[PDB]
Each structure stands twice: as structure tokens, then as C-alpha cells.
> 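The structure's right below; bear with me while I get my questions together.
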Amino acid sequence: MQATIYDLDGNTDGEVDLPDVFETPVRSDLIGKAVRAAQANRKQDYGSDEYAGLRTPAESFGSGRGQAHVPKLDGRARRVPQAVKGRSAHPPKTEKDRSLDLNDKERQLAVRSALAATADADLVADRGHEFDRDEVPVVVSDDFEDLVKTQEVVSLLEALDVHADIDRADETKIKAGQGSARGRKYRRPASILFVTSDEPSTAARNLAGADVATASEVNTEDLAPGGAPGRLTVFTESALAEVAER
Amino acid sequence: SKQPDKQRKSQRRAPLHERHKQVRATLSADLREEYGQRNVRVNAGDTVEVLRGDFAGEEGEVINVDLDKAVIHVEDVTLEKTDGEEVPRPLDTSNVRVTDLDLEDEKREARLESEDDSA
Amino acid sequence: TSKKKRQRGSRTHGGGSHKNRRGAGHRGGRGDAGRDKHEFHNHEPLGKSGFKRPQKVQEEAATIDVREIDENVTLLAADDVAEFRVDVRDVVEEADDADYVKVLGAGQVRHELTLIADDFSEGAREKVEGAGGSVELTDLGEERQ
Amino acid sequence: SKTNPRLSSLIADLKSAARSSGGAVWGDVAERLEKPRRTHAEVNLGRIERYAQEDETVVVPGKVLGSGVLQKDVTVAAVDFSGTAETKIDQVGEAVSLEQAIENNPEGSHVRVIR
RNA sequence: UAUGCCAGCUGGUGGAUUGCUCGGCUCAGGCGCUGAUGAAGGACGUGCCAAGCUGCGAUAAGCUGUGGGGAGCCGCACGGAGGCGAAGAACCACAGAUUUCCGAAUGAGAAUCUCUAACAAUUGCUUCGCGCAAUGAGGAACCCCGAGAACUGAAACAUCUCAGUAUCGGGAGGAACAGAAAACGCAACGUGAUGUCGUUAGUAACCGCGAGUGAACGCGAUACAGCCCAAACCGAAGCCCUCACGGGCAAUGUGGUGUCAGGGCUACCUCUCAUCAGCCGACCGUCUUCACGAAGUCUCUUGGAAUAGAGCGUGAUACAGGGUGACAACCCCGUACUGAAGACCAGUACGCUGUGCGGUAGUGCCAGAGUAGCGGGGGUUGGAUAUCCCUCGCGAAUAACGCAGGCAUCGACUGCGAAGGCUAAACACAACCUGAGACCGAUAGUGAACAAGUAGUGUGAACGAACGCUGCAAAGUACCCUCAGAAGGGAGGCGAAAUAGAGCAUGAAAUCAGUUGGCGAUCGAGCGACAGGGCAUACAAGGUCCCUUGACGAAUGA
RNA sequence: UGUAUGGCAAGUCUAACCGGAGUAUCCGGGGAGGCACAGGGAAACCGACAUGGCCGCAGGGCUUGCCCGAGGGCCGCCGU
Ligand SMILES: [Cl-]
Ligand SMILES: [Cl-]
Ligand SMILES: [Cl-]
Ligand SMILES: [Mg+2]
Ligand SMILES: [Mg+2]
Ligand SMILES: [Mg+2]
Ligand SMILES: [Mg+2]
Ligand SMILES: [Mg+2]
Ligand SMILES: [Mg+2]
Ligand SMILES: [Mg+2]
Ligand SMILES: [Mg+2]
Ligand SMILES: [Mg+2]
Ligand SMILES: [Mg+2]
Ligand SMILES: [Mg+2]
Ligand SMILES: [Mg+2]
Ligand SMILES: [Mg+2]
Ligand SMILES: [Mg+2]
Ligand SMILES: [Mg+2]
Ligand code: NA
Ligand code: NA
Ligand code: NA
Ligand code: NA
Ligand code: NA
Ligand code: NA
Ligand code: NA
Ligand code: NA
Ligand code: NA
Ligand code: NA
Ligand code: NA
Ligand code: NA
Ligand code: NA
Ligand code: NA
Ligand code: NA
Ligand code: NA
Ligand code: NA
Ligand code: NA
Ligand code: NA
Ligand code: NA
Ligand code: NA
């Protein structure tokens, strides 16, 4: 198919062929698998102290004093799992493999599929993104890679009727639960992904909910945050080109 | 760091000289324009206007600045004890704005004016 | 919902009498214990059998059936075409760490083939010649005698 | 519980055909795809060549693989083909997706099931 | 209707629950030795008032200098009194001063004190004098060398296994150890020091051939690096102390040469860019610290308070995280960007100086002995005839020789030179610094968020808890009455709230006081389920229900 | 050792590790090696049906009981 290229003003400026990958049948099950793996693979090993609750010579008096056969020291029960201060029977363990494998072919296929889900206005709208447009992904001239001010990228996006999505992501959520105590107090919607060719858009990255990536390594999470396909994206003339051989 | 426990910790255990940044208040529009800074370390001489508490709207002279507790005493911003004595109601520089600076110290004025250092 | 997830409340978690899941006695001994007594069933019989020749005196032949060669003669467009002619050595994978390449005679041969290998089976020749072909034996293959 | 959304649709389409049109193979193929993947068909060319006949569509209730040779000019319809299979077939005949077969022949006529 | 049963209400007791996190747990990166110049640890001191902790040491919460920092300060610790700071204090970084007693503890003795100059003891050098030096002890584990179980598994048990594990003795370093082939043996016209990682492989091998045990060569990677003696031939040409003088060492050999690309010697060819010694000496990177650093504190409403709702506006190479009287990019610290410093990399790389590599022919000049190897007895290993080691006995050759290639002997072939020595880098741990988290969230998580190895127990080795939360601000309750009264009570005052009033957020159950409804001093015990009656009931979140008659009307049926 | 789902298929998967980067994620590279592609025999050593026949389910065809009949079942035949 064909994709309309836009200049830094929001006016059409030609158009190239939308590479074949964007015709890869959307495969949410595969995309979800790839994202679940990426998320699990960055999780850190953890586990309680191997010796917690065991640092004691507590013994059971056995029968005779009308007490349960529970190990005790200085009159207090210890060590056993049913005892306060006792060991944790089956605790989290460092040794556990918290990683997930994924065949390269299966992962690459999901990348292509997530890419394809990008060129579908309906999917993108379903995923939740707010925008007034028909053609998608939003393709732009390589001069985008030279912008420097975030404000500039704003105007361009407003000129593309795609800034509404950033308005959507301009609201952090204060999560329910103790994540808060571990530094995970806030969370916010995912907005526009900006794929360029040379380097990530320093100018757009701070946009609320935005994520910046490069065609050579843009991944499944990038294209389908949370495993949900159809992210409102904006490629770069050259970006669109590179992506094709992924 | 990014972890809340460490953030609050470093702020509560910061050595005395680092406590200075904890008693900084925003500068009035004129003062901002005049010295090229958005805020300054409130001093016992400066004049300030209360922008937030139950005393919002009132102005007065900074009578005391405690680095330990990171709080300031502003003239007439008080509380009436039971016996009748009028004691000061501590304020966080964050809810305050500097409208006039005490510049008797050569050093403060110098820093306050250099474009490469902030006071 | 998995089986494990439905055990809370069952008390015995599927082990039957709570007097069951205790120690190794419930398994008739640790590991293969009693493989010659109470649990002899399904264990291979005890005893020694045969001998082994030292590892470095053993030869490993790289083999391939005519069927594989023949089925891909056309596809092997990167190999000699005569009045075809192929050097098995270049076809068989794992032909480096192999002591020698041998052609086996499984399947049919629907082409005139001139095969060169270190060794052939009776049926490999019979089939290759019967299809109007020849079998060339490598210099290495010159160990037949 | 199939996971592939595409396989799900295919199966629903194979049914709709078996019910609407007269196709009985379609409902037959649907019932096999619904069964465990391990029971699905994995057929190599050598087997198609042996039992297929021209003007009779070969229907594989599974996937076609590339081992062996195919000379007959037949239209093979499967859930999927290995890249090699699809290539060798189109050289002497035609490789087609069940989704297409269901459309060109909803009555499922003149077809031979091969596994 | 007493004693009393059940449920509730008001108040309590209790401290669950919810919310909160100054602590833990785990992972990751960096970094890493201290001590006779007396460490680490401990004792006792030290403050205006000082019990604990921390700091410090008779100069005692400190003294000096330089740099930073800044108008405040006098640790935790918010009192009273007083003091210090523009003579630039506090505070931070580096450097220096001081630094009691015991402690390896070293003049001698001793439960931290005492008695009459002291490296005690063992060593090396030696002016043979403690004159110059060394050792000792500590450290989270890691590392190396020795000693070395048992429960257990084998459904008993002895070999085997647990296991060369636990534990013990000795000792090094920031890493250890290993290491330039008497190798390998995909047997080759091949590989080429050593660790380590992935694999080879649960393969080969062991084994009451039971249970079990269990490599290597090679390969793919990481990192790479290669050298010095002994002897031959020279023969004092040498080395150490000292400013010097002078002394000491050294023919039982200091020093030159040389080290399998064998060397030496004799005769030549050519040349050095090898090697070895020494000088100089980083970039980048990484880790930590620091400077600078954009934009609202505008309107209305609510509120005790606006980081809320509604409205208007702004920055963003910065929408990480935290603070602030409630949900904050723009109020404060930070954060992006840029820049600086220190540490590690590293006295390494690069560069340089000096030396001089190599080749031909001749020469039986040299080339590490209780060794190689054999036997007896054991241990150990996968090592089987074929692992590695100990012990007792025996015991060779000399490169024209010797060892190895998984049984022995002889020959061939291939590899390689033992019985002297050194060696960067890649790897282990986690004391220390910093970072991180689908970890826990105060009976959890460390034993320890608190006085935590604290209180406390034991003669001792050793053992060992519990205790987090007022409020936005102390505004931490003046005055009056009562009382034996700084008690408590009453009244009163503060605050949005005192049922937030001091172990003070919330405040469950068990349970207690008072009290409401029902029952109740002639009556029977799994305490109820289902039916049906009495009596009792503010609202809300349920709104149905009763009787006449009529319609419909299964089985059944006068 | 099964099973369900999913990728690829006569193949399939990388391990350590290397480069990139948005720097534990992630993108690219890495096939060493493993399993599968032939078995039988202690070993030496030797080395197989891309289908020859018959039943016949599903499914298809036909002029509506008659054909073709994958899979499956019964034999043949082949390697050791
Ligand atoms: Cl064998
Ligand atoms: Cl097949
Ligand atoms: Cl080799
Ligand atoms: Mg515990
Ligand atoms: Mg919760
Ligand atoms: Mg300034
Ligand atoms: Mg002494
Ligand atoms: Mg036993
Ligand atoms: Mg080691
Ligand atoms: Mg036995
Ligand atoms: Mg063992
Ligand atoms: Mg070996
Ligand atoms: Mg020398
Ligand atoms: Mg043993
Ligand atoms: Mg605890
Ligand atoms: Mg005792
Ligand atoms: Mg309370
Ligand atoms: Mg290979
Ligand atoms: Na303990
Ligand atoms: Na009891
Ligand atoms: Na793990
Ligand atoms: Na069971
Ligand atoms: Na049980
Ligand atoms: Na057993
Ligand atoms: Na038996
Ligand atoms: Na090889
Ligand atoms: Na360190
Ligand atoms: Na004290
Ligand atoms: Na000191
Ligand atoms: Na000494
Ligand atoms: Na002496
Ligand atoms: Na037993
Ligand atoms: Na026994
Ligand atoms: Na044994
Ligand atoms: Na504020
Ligand atoms: Na011996
Ligand atoms: Na050898
Ligand atoms: Na607690
Ligand atoms: Na391979």
C-alpha cells in the first residue's frame, strides 16, 4: 500500500509504499507472549535469608510436661514454621529461574505482527489512543530527527490531529497498594511511540506517555505496550524503510 | 536515588551545610528579574509573604531560621498559648515568597549577583 | 484453575490416608532401592554384558541413503551435471569430524548418477548402476582388500 | 482452548460452510483441527504424490511439509505449508489455504482428504 | 421478680485491621588489606548541668592548615543558664596535631593494675652494640597447604555412600592458586603456557558390577606473554653498608656467558629491532562526589489547610524520585543537558635509553639422582593392568642418552626433555561505596525499624527477647473549685478533630461495667435446620402482605 | 516421562560469549554442541518398503446400490 509523508508543518509531501510487514496478519496471542517474556526477563531474583529462623539451638523437650513437641529456647518456641520467629516453610528463593525463553522466529514474528497492527486505524482506536486521522502509522520526513524543542514537536503533532493522545497520557495515576512504598507510586497511559532512524527523538521523549525508539531495535513492547496491539505510532521516512527488513 | 525511602532519608540526615537548600523560598517577580534566580535561601533579614497556610496573604520579617528543622519564624505569624503568650507558628519556606532581601553580607550579595552561582 | 490450586481444603492433597505421604518408606526405599527385591518389576536384569573398545580406536562413518541424493539432484544445481555427478563428501553434513563418508542404498534412484564416496553398500551400487550410473571410489576408499 | 485467533476463525468458517453449503469435508476438517495439535496432520510431498489425482483437490487437515518429490499437477489445500513445501508445489501445481478452498468450493466437492 | 440466658446500645479492656515506613531481604556495578611508626578489639575517662548512644582521648562531642560552605551554630536531644560566629563559626573534603590503660603486647609481673631501663621470644645482617632489620595479631567471606567424622543413603549392613563434607591445625593476597610441555595422541603433512565459562557427558571409567560414583582430549568463548638460573667457556672483571673514611661478603665462586628458535668452544657469514634491565608515563572508560539548571504558586467553589473540582496559563534535551497542612513537570530539593574533581584502570599502554637477534661447518665440552624406574604396605581417584600421593626397601642412563603416546617386554613411528626458578591479564568473595527490586511491611522482614547482641539467663562455653504512628502547628491545657495532693476529679482553654491529651492515627474479637429488647424462680441437656405463632423495630439501603368474590385448574377426587 | 497451547519443519534450538543500544530489559550476531534425519550386532562388521497385495472408517465420486478410498487393520517384502 502507500503511506503519505508529512513535512514539519503537517502538509503532505509525497508518499512511499508502506512496506509488506505492515500486512503481516495481526497476532495478539504471539504479541502477548513476546511482551510477557520481555517483562519477566527484567525481573530481579529475590528470596529470604537461607538461615532466617534457624539461628538457634532450640530443642523439643519431648513428652512429659504437657506441652506439644515444639522446639523451644529459654521457654520460647522457635525454628519450626508454625512458630512465631520460626523459619518460612517454602519461601521465595534466589535459585529460582524467573526468566522466560522465546524462539527467535516466534519473537521476530510477533515484532512484525505488532508492526502490522500499527497500520490499522481501527485497532489503534480500540487500543485506546485518541486521535482524529485515517491514515496510520503517521509517517514524517527525516527532518523530524533534527527537531530540538519539545514544544516544536507539540505543534507538529497538533498539526497532525494526533496530539489528543498526549492529552490522554497527561494524567498520572496514584496506584492502589504498597507499590507506593517501593517507589512505584505513579503510573500513566501509554501515548505515541516515535520511531526514528539515527537516534531516539530527544525532542519528543519527554512528551506525556511518549516513548522513542529506533527502527533497528524497536521492539514488541514498543509497538504493543502491555501486549496490547495497535499503538498510535509515527515513523520517520527512513524509519519506515528500515523497519521493512526486520 | 529513585527509591522514596532513600530520598526522604538523605533529606532528613543531610549535614548542616546541605540543610541550606531546604530553607529556600521563591523570589518575587522583581527580585527574580533583578538577580536572575527563581528562589533564594531565606535569611533572618529578608521580608516575606505567606502564600499558603492559614496565614496566607500576610507579610512580615523573617525573625528566625532553623536549619535542623528546616523552618522559619515570620514576624506576627504566631499562635496564642493557653497562658496568653504569643508564640511563633513555624513555616516551611516552600509556602513562602521573598519580597525583600537583607544584603548586609558582602558575600551573600556577591553570590546573589554573579551569574555563575546561586544564593 | 489447576489441580494444585484446588487442594486447599482437601486435607490430604490426593495422597489418600494422611498416614501415607511420609518418608522414603512410602517409596519403598531411596532411589532405585530394592530394584532386585520388592520393586524388581520393570528394572533391567542385573549383570554385565559384553565389552567396549577404546574410544580412540573407534571409527565413525558419515552416512547417507541414495534416496536423499536422488531426491535433490535438480535442487543441487551447485553440483556437476554430465551426460549427474556428485561427490558425496560435499553433500553429507557432519562430513568433517567423520572418519569417512558412506553411501547407503535405501530408496529408489531415478537418475543416472555418478557418485564419488569413500564407501558404498552392495545395494547402493546395484541401485546406482541399475539406473545407468556409476560409483567412483575415493582414494581413501581404496582400502577394500 | 485454541490460542491462535486465526485458527479459531478458520474453524468457525469451516463449520459455517459445512452447515450452509453441502460440504461435509469442511465440518470433518473442523472437527480434526479442534482436536489436539499433536493429532493434526503433518504430510510430506511424497505422500501427496502417491495418492493425489488431477482435478481432485487434496485436502490436508493439518500442515504440508517439504520432504520428497511432487510431479502431479494438483491443488493442495492445507492449514499451512512449510516454505519449502509451498515452493515445490507451486512448481508443478497450486498450494492453497483452506480459507480459499472454502470459498472456491463451499460444497466441498471433488476433494480427497490426505494425512 | 431475684440469681440468670440470648442479641444489641453506651463506655471500657485489648491491640487485630486498614493506611504509613527511619528497618530488613535479595540482586548488581565499583572497590579491597590493616599491625611493633603498637593494629583490630576492650577498659576507663571526656560535656555547665550528662544516665544511655555517638564522638573524642588528660589538647578528650574536640586542636591546626588548605579548599568548599554560609548566617547561622553549641551531636542524637526540642530544657535551664550561658556561649560562639562578618577576626567568616556551623557544616563538608583532604592533610596534620593530640591520641590515657589493657590488648600480637614485646623489661618483669598482674582479672585493664604494679614493680626496677628494656625489639620479650625467634631470626637475618652485623661496626658482634639490639647498631640496622624481620616475624608475631586482625579482617565479611573468598584462597592455599595440612588433619579429617558421624548421623544418612544402600529401605538391615561391613566395601561403597553421606564426603575429602562438618569440624580442627598452619598460612598468603586484594584476589589467591596455576603457568610456558620429559604436554596432547579428533594418530596427524595435526594442536601448542595457565586459569575460568559453555559444551564434550551423566559419555569413558569406578562399583556387595548393588545403591550409587564420575572425568579427560577436543571444540566454542574470555583473556593472552613470555622468561630467569645450574653447568660448559671465562675466573675477581662482583655485591652490601657508609656522605666519606672505612668495614663486611666472595676462589666451598661474587660477576660475564648461557638456557631446545640447545648452549659453549674453534673458524667463518651476517646482523641487531628478539629478549632482558632501566627512564618516562597517559587518553578513553568505569565508580563516586560536586557546580549549574526551564516553567503558575493566578481566578471561583469546598476545606482547618488546595498538591481537589471548575476556569485561565506555562516549561520540557527536564512528565525519574522526594518534600510541602489532601492527587504538584511549572511551590522547595531534584530531574534532562553541559561542565568539574577524586579514585580505580596503572607505574599499565604508547614512546625512549641501553644490550644485541640469527645463520654455516666442526667438536661424544655442558645440560638438575636416592631421581627415572622396580618391589612390599597403605591412602586417594573415574583412573579401570591404565589416577595422584605417602611410607619401607631396592635402584639407571648421560643427548651416541632419556621420558611419554591409558597392561608388560623388544623393534619401529610420533611427541617431548623430568629430577632448579619466575611470570601480567580473563575467574572467587563481599568487608567497604553506590545503585536496583512483580521481595517483606512491625507476630512479617535480620535475632535486632525501638536501649539490640540491649534487658535478661548460665560457673562457663553459650543463650537471648519485647517495645514503630499526638497534631497543620505544641497551639503539650492558663484561671477557678475540690482534695492530704505537681495525684485524680469538676469547670474551663486550644484545635477541623481531645472518643487526636501524652505507649496519644484507626481501634476488631475474646471479654467487663451500665443499660434496652425478648425469656425467666414447675422444670430437661449438641445449643440448631426447616414450618408456624407471641412480643420487639426512626430513616436509609428490601416492598410487599391479608380477606370476599371471580378466572385458570396437574395428579388426585368426594 | 506425558499432556495442552504456540513457532519452525527434514529439520530445529542455540550455550558461553561478541557488537549495538533506549545499557540487567531489548536488537543484531554466535550452531560449539544437542536432539531428529537408519538400523542391527558384545564386537569385527554389515546396512533398510519416496509402496507389491487384500480388507475398510471418514471423506469424495456416480447414472444411488457401484467406484476411489488418506488415516487405520491384515499380509508381503527389505536391513541386521
Ligand atoms: Cl565398542
Ligand atoms: Cl509424510
Ligand atoms: Cl588437537
Ligand atoms: Mg521470621
Ligand atoms: Mg490493600
Ligand atoms: Mg546569582
Ligand atoms: Mg607487658
Ligand atoms: Mg541404611
Ligand atoms: Mg583456583
Ligand atoms: Mg542391597
Ligand atoms: Mg566420590
Ligand atoms: Mg586426555
Ligand atoms: Mg645471567
Ligand atoms: Mg573413596
Ligand atoms: Mg521481629
Ligand atoms: Mg548449667
Ligand atoms: Mg488511639
Ligand atoms: Mg561443527
Ligand atoms: Na541467635
Ligand atoms: Na497445652
Ligand atoms: Na535465579
Ligand atoms: Na493422587
Ligand atoms: Na499425609
Ligand atoms: Na525404591
Ligand atoms: Na530377587
Ligand atoms: Na574437529
Ligand atoms: Na573496597
Ligand atoms: Na550522657
Ligand atoms: Na585519633
Ligand atoms: Na621488632
Ligand atoms: Na644486636
Ligand atoms: Na533404610
Ligand atoms: Na539398623
Ligand atoms: Na563398592
Ligand atoms: Na509548598
Ligand atoms: Na610404593
Ligand atoms: Na605423549
Ligand atoms: Na511490633
Ligand atoms: Na551445529
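Values below: every heavy atom of this structure, side chains too, minus hydrogens, waters and symmetry copies. Letters go in sequence order (proteins before strands), and every chain restarts at 1.
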> Rounded to whole angstrom units, what separation is found between the CD atom of D:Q53 and the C1' atom of F:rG61?
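Interatomic distance, CD of D:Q53 to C1' of F:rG61: 9 Å.
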
> Are E:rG192 and E:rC260 base-paired in the Watson-Crick or G-U wobble sense, both distances less than 3.5 Å?
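Here the two bases do not pair.
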
> What I'd like to find out is whether the side chain of C:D119 reaches to under 4.5 Å of the side chain of C:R144, using heavy atoms alone.
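With C-beta onward as the side chain, the pair touches.
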
> Find out whether D:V59 and D:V111 are in side-chain contact, i.e. whether some heavy atom of one side chain is under 4.5 Å from a heavy atom of the other.
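When only atoms from C-beta onward are counted, D:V111 and D:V59 do touch, with a gap below 4.5 Å.
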
> Give the rounded distance in Å between these two atoms: CG of C:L104 and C1' of F:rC37.
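Those two atoms, CG and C1', are 13 Å apart.
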
> With a cut-off of 5.0 angstrom between side-chain heavy atoms and groove-edge base atoms, tell me which groove A:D170 sits in.
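A:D170: major groove contact.
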
> Does any non-hydrogen side-chain atom of A:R246 lie less than 4.5 Å from one of A:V111?
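Yes, their side chains come closer than 4.5 Å.
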
> D:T84 side chain N/O closer than 4.0 Å to the phosphate oxygens (OP1, OP2) of F:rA10?
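Yes, because at least one side-chain N or O of D:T84 sits under 4.0 Å from OP1 or OP2 of F:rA10.
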
> For RNA chain F, whose closest nucleotide is more 5', that of C:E68 or that of D:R47?
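Of the two residues, C:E68 wins.
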
> What nucleic acid atoms does A:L73 come within less than 4.0 Å of, heavy atoms only: base, sugar-phosphate, or nothing?
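Answer is sugar-phosphate: A:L73 comes under 4.0 Å of backbone atoms only.
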
> Check the distance between F:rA43's P and C:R53's CZ and give it to me in whole angstrom.
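Interatomic distance, CZ of C:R53 to P of F:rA43: 10 Å.
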
> Does E:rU511 pair with anything, Watson-Crick or G-U wobble, both distances under 3.5 Å, and if so, with which nucleotide?
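Paired with E:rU511, as far as the under-3.5 Å criterion goes, is E:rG12.
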
> Does A:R27 put a side-chain nitrogen or oxygen below 4.0 Å from OP1 or OP2 of F:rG7?
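So the side-chain polar atoms of A:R27 do come within 4.0 Å of the phosphate oxygens OP1 or OP2 of F:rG7, strictly under.
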
> Quick one, E:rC27 with E:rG435, are they a Watson-Crick or G-U pair at under 3.5 Å for both distances?
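They are paired, because both relevant distances stay under 3.5 Å.
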
> I'd like to know if C:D70 reaches the base of F:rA50 with its side chain such that a donor and an acceptor end up less than 3.5 angstrom apart.
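By the distance-only test, yes, there is a pair.
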
> How would you label the contact of B:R52 with the nucleic acid (heavy atoms, under 4.0 Å): base, sugar-phosphate, or nothing?
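Base contact.
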
> Check for me whether E:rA396 and E:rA397 meet both conditions: six-membered ring centres under 5.5 Å apart and planes under 30°.
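Stacking holds for this pair.
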
> Can you tell me if NZ on D:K2 sees more than 12 non-hydrogen neighbours from other groups inside 6.0 Å?
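Atom NZ in D:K2 is packed in, count exceeds 12.
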
> Sugar at E:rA305: north or south, per the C1'-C2'-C3'-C4' sign?
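North (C3'-endo side).
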
> Quick check on RNA chain F: between C:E93 and A:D222, whose nearest nucleotide comes earlier from the 5' end?
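Comparing both residues, the 5'-ward one is C:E93.
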
> May I have the distance from D:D28 (atom CG) to F:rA70 (atom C1'), rounded to whole angstrom?
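Rounded to the whole Å, the gap is 12 Å.
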
> Round to a whole Å and report the spacing from CD1 of D:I114 to P of F:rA58.
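It is 16 Å, rounded to the nearest whole Å.
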
> At under 4.0 Å between heavy atoms, what does C:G50 touch on the DNA or RNA strands: base, sugar-phosphate, or nothing?
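The answer is sugar-phosphate, as C:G50 gets under 4.0 Å only of primed atoms, P, OP1 or OP2.
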
> Should the pair A:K96-A:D45 be classified as a salt bridge under the 4.0 Å nitrogen-to-oxygen rule?
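Between A:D45 and A:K96 there is no salt bridge, as every charged N stays at least 4.0 Å from the carboxylate O atoms.
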
> Do NZ/NE/NH1/NH2 and the carboxylate oxygens of B:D46 and B:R108 come within less than 4.0 Å?
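Salt bridge: yes.
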
> So do A:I174 and A:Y186 actually touch side chain to side chain, heavy atoms under 4.5 Å?
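Yes, at least one pair of side-chain atoms sits under 4.5 Å.
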
> So, are E:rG129 and E:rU314 a pair, meaning Watson-Crick or G-U wobble with each of the two distances under 3.5 Å?
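No.
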
> Could you tell me whether A:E59 and A:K72 make a salt bridge, using a distance below 4.0 angstrom between a side-chain N and a carboxylate O?
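Here A:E59 does not pair with A:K72 in a salt bridge, since their nearest N and O are not under 4.0 Å apart.
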
> Can you tell me the distance, in whole Å, between the NZ atom of C:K102 and the P atom of F:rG39?
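Rounded to whole Å, this separation is 14 Å.
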
> Could you check if E:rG96 and E:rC523 make a Watson-Crick or G-U wobble pair, where both distances must be under 3.5 Å?
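E:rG96 and E:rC523 do not meet the Watson-Crick or G-U wobble geometry.
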
> Given F:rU3, is OP1 or OP2 found less than 4.0 Å from the side-chain N or O atoms of D:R38?
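Yes, such a contact exists.
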
> Heavy atoms only, 4.0 Å cut-off, all strands: where does C:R110 land among base, sugar-phosphate and nothing?
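The residue C:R110 makes base contact.
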
> For D:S67, which contact category applies under a 4.0 Å heavy-atom criterion: base, sugar-phosphate, or nothing?
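Here D:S67 touches the bases of the nucleic acid.
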
> Does B:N39 reach a base, just sugar-phosphate, or nothing at all? Heavy atoms under 4.0 Å.
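Sugar-phosphate, backbone atoms only, no base.
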
> Does D:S82 have a side-chain nitrogen or oxygen under 4.0 Å from the phosphate oxygens OP1 or OP2 of F:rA10?
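So the side chain of D:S82 is within the cut-off, an N or O lying under 4.0 Å from OP1 or OP2 of F:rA10.
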
> Would you call E:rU98 and E:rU99 stacked when the test is ring centres under 5.5 Å and planes under 30°?
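For these two strand neighbours, the answer is yes: their six-membered rings meet both cut-offs.
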
> Contact between D:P5 and A:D29 at the side-chain level, heavy atoms closer than 4.5 Å - yes or no?
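D:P5 vs A:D29: side chains touch.
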
> Is E:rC157 base-paired with E:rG208, counting Watson-Crick or G-U wobble geometry with both distances under 3.5 Å?
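Here the two bases pair.
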
> Over all strands shown, is B:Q3 touching base, sugar-phosphate only, or nothing at heavy-atom distances under 4.0 angstrom?
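The residue B:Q3 makes base contact.
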
> Specify the separation, in whole Å, of atom CZ of C:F51 and atom P of F:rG41.
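Answer to the nearest Å: 15 Å.
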
> Looking at every strand, decide which applies to B:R32 at a 4.0 Å heavy-atom threshold: base, sugar-phosphate, or nothing.
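Sugar-phosphate: the residue B:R32, judged by heavy atoms under 4.0 Å, touches backbone atoms but no base.
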
> Hey, does the base of E:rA329 sit stacked on E:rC330, as in ring centres below 5.5 Å and plane angle below 30°?
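Yes, stacked.
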
> Does E:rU360 pair with E:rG339, Watson-Crick or G-U wobble, where both distances are under 3.5 Å?
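No pair, by the stated definition.
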
> Not counting sequence neighbours, which residues clear side chain to side chain donor-acceptor pair (under 3.5 Å) with D:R32? List them please.
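Side chain to side chain donor-acceptor pair (under 3.5 Å) check on D:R32 returns nothing, list empty.
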
> Remember a base hit wins even if backbone is also touched, and classify C:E122 as base, sugar-phosphate or nothing at under 4.0 Å, heavy atoms.
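Sugar-phosphate contact only.
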
> First contact, last contact: which nucleotides of RNA chain E are these for chain A, 5' to 3', heavy-atom distance under 4.0 Å?
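Listed 5' to 3', the contact boundaries are E:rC20 to E:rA466.
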
> Nearest whole Å is fine: how far is F:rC27 P from A:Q108 CD?
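Whole-Å distance recorded here is 9 Å.
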
> Whom does E:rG458 pair with, Watson-Crick or G-U wobble, provided both distances fall under 3.5 Å?
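By the stated definition (distances under 3.5 Å), nothing pairs with E:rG458.
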
> For E:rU64 and E:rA538, do both pairing distances fall under 3.5 Å in a Watson-Crick or G-U wobble arrangement?
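Under the 3.5 Å cut-off on both distances, the two nucleotides are not paired.
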
> Take the six-membered rings of bases E:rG42 and E:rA43, measure centre-to-centre distance and interplanar angle, and say whether these fall under 5.5 Å and 30° respectively.
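Under the 5.5 Å and 30 degree rule, these bases stack.
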
> Taking atom CG of D:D55 as the centre, does the number of heavy atoms from other residues, nucleotides or ligands within less than 6.0 Å exceed 12?
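For D:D55, atom CG is not crowded (no more than 12 foreign heavy atoms under 6.0 Å).
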
> Wobble or Watson-Crick, both distances short of 3.5 angstrom: do E:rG309 and E:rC300 pair?
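As far as the geometry goes, E:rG309 and E:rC300 are base-paired to each other.
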
> Are E:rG468 and E:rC312 a pair by Watson-Crick or G-U wobble criteria, both distances short of 3.5 Å?
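No, neither Watson-Crick nor G-U wobble.
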
> Tell me if E:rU257 and E:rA336 are paired here, counting Watson-Crick or G-U wobble when both donor-acceptor distances sit under 3.5 Å.
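Here the two bases do not pair.
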
> Mind checking if C:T63 touches a base, just sugar-phosphate, or nothing, with heavy atoms under 4.0 Å?
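The residue C:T63 makes base contact.
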
> Check salt bridge (charged side-chain N to carboxylate O under 4.0 Å, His left out) between B:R38 and all other residues, then give those that pass, not counting sequence neighbours.
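For B:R38 there are no salt bridge (charged side-chain N to carboxylate O under 4.0 Å, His left out) partners, ignoring immediate neighbours.
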
> If we define stacking as six-membered ring centres under 5.5 angstrom apart and planes under 30 degrees, are the neighbouring bases F:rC35 and F:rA36 stacked?
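The answer, once centre distance and plane angle are checked, is that they stack.
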
> Pick base, sugar-phosphate or nothing for D:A24, based on heavy-atom distances below 4.0 Å to the nucleic acid.
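It contacts sugar-phosphate atoms only.
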
> Return no unless some side-chain N or O of C:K127 is found under 4.0 Å from OP1 or OP2 of F:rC49.
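For C:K127, the contact criterion (side-chain N or O under 4.0 Å from OP1 or OP2 of F:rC49) is met.
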
